[PDB]
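Two forms of a single protein chain come next, each set out by itself as structure tokens; they are called structure 1 and structure 2.
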Structure 1
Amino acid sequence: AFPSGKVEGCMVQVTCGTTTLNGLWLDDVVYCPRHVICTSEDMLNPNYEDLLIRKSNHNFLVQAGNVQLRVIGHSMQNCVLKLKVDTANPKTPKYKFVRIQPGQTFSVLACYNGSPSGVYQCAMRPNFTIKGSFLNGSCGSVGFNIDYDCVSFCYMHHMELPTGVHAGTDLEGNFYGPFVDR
């Protein structure tokens, strides 16, 4: 597994309504699964576009440690929510977003409400799922490779599937495989 120190300093907690999950804090932007803006009665046929319009900035509670990061904008890029905040993360590492394939390994920093609890070497199965240990709250954990001193973020966990396997996106919000957040 890759050492996790660069990524630990980016992990945050995002809460919307009933829902709380992990966010990734880079520069003045927090990335997290967009389904954070759903109460899961919305989870049957969500209109994310109508949902995101209905939210205002104070609807989003972002905390890194016991600092609040004030959200000053919210946009959506495919399936990831992008919260603009009023401060840039002074611990932002050199980073890039990359898309990978099943079979290629990466490390995942499992967190429970912005709090890191393990780092694990994973790969997606050919059907783009991943079998590990991440329940409610570990939603939003990200995966990465470290190449020299640059963190290539390649994965964000979004959902546990009925089979127990997990589905996720890349950091541009595009799901790996045919999965949907519905």
Structure 2
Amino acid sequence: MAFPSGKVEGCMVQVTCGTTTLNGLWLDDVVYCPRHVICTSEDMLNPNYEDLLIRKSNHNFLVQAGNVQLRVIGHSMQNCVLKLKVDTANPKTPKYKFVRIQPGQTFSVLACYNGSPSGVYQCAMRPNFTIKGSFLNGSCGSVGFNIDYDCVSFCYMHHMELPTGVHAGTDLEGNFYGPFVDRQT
């Protein structure tokens, strides 16, 4: 039962900080993405995110909507998500809300790679707050949603695959579902 993905496809962007790259969600004039993007490969195992944040400037972020670069004019960190303020509002922004779902609820996921939509499928949140998704490498920042009439409810931002092959992430305010932390361990 996956929801049609057209309204979300127009919101996906590629976010690059140095050589680390993942997917971002562009709504109005804000891009949301996992804060993990500010890690170099050596920081990924045990990042000090407050320190890494101090060291970055707006011009260290490259945001691409397709072949169009968007100018970053502000950035801030909210729990495990980074919010990049860009100088252009997304003209395909749908009506949307952010919601936090519970175990047992289902949602659709738009898997993206390097900012480009790749597939859509339905998932359920398990009681241990993991999901059995279909995510490959490069899918970090892909989002889960439901459609509520005309309104897109965003409920899941993908961060990591765990050793057993299931997946974990945050709501759109950056709070993990479950007892996980955004580090490569």
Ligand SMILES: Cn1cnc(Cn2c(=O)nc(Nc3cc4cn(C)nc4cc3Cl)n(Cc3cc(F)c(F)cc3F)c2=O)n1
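Residue positions are counted from 1 along structure 1's sequence. Residues that one form lacks are left out of the comparison. For the two forms, the rigid core is made up of the largest set of C-alpha atoms that agree within 1.5 Å on superposition.
Novice: Does the form deposited with the named molecule bound correspond to structure 1 or to structure 2?
Specialist: Note: form deposited with the named molecule bound is structure 2; the other is not.
Novice: With the two forms fitted on the rigid core, I'd like to know which residue in 150, 67, 52, 43 is displaced by 2 angstroms or more at its CA between structure 1 and structure 2.
Specialist: Single hit from the list, 43.
Novice: Please report, in Å, how much the Cα atom of residue 135 moves between structure 1 and structure 2 when the rigid core is superposed.
Specialist: Once the two forms are fitted on their core, the shift reads 2.1 Å.
Novice: How much does the C-alpha of residue 12 move between structure 1 and structure 2, in Å, given a rigid core overlay?
Specialist: It moves 0.3 Å at the C-alpha.
Novice: Supposing the core is put in the same place in both forms, how far has the CA of residue 102 shifted between structure 1 and structure 2, in Å?
Specialist: C-alpha shift for residue 102: 1.3 Å.
Novice: Which stretches of at least three consecutive residues shift by 2 Å or more at every Cα between structure 1 and structure 2, once the core is superposed?
Specialist: Run 43-45 stands out as the only one displaced between structure 1 and structure 2 - at least 3 residues long.
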